[PDB]
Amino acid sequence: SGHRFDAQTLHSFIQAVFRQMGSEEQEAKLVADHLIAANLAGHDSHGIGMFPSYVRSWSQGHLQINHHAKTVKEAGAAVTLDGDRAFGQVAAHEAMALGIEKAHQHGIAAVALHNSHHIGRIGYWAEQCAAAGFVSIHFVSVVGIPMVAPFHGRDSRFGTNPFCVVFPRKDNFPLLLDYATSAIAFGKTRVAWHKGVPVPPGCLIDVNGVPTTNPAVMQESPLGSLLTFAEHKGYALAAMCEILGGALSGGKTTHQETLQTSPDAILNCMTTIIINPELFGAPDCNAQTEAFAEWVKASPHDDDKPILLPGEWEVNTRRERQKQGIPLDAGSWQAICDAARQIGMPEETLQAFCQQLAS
């Protein structure tokens, strides 16, 4: 028995909860901006539901509040940053701003960010680049929490290592590819497990390497493992993200020495290439893009399942959720409220927010 929450009011609440944690004003805003945007886009695993986990990471000495990305190298068209375990919502925002400026100066630039706390929905960083008028390409690794098996392997070796590319369009939503290199997102298994239903086949193996559709293998001991998408194809991409993101950013790849001591210590590396599309000799680019968009959607389909462009799913969800509210399941909401209580938000403050959110 879930709820629908007004996005503006819920943002106010999320921001208040990070102030209570100790975040200063700008930090709390940056965190709330990213989390609410993930909820609006339909990517709820990276939304307000991350809050209890973030408190745990911080309490355990991993996530550091009120930190900033530090420049460790700047050379030609590339800047390299140490996220210093800051909120990824802070460090990646700082990284994009520096990278976008570098692309203004050089036409094509790169920003590498290692050792940032969880950077959330990667499409959000791409949207910043696209709003400034650039193409961007992002290789992301998750440092030292193995949860995905290599093709041919029977246990976890690397993170869900997302890949993201964006193409900006004048007066339209950007074409946005953004996804994990695993066969299914980790959060999907968490949802399926709570609901008592299986996941699709070809996504999971159990502790012994045997294919399974039971999501309990990702949520209870003995832990199994996620598979990569499309066998060797998702695996090749996950490995390229590990190396271009993890190693090439100046960060850590996953191996014995680098494993996290907690499942809440979620650290990302990201290498981003930012490209001014106007440098190319493509006078007909807009018309060719639009002609293809129209042609691809004319493919025969069920009425309830029209063809989408990359990034259109998020745009449509956002529109629905601005109008109807953000849905939160009752268990996640309880966990959120309980976590807010435990960091010292007074009961009366939480009551007043709940009354505002009931409207």
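A residue's number is simply how far along the shown sequence it sits, counting from 1.
The stretch with the higher mean CA B factor, choosing between 49 to 57 and 324 to 332, is 324 to 332.
Of the two segments, 194 to 202 and 137 to 145, the one listed with the higher mean B-factor is 194 to 202 (C-alpha atoms only). Remark: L357 belongs to the highest third of its chain, ranked by C-alpha B-factor as recorded. In this PDB entry, the Cα temperature factor of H104 sits in the top third of its chain's modelled residues, the highest group. The deposited CA B-factor of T258 belongs to the middle third of values across its chain. Per-chain ranking of the deposited C-alpha B factor places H62 in the middle third. Placement of the Cα temperature factor of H34 within the chain: lowest third of the modelled residues, per the deposited record.
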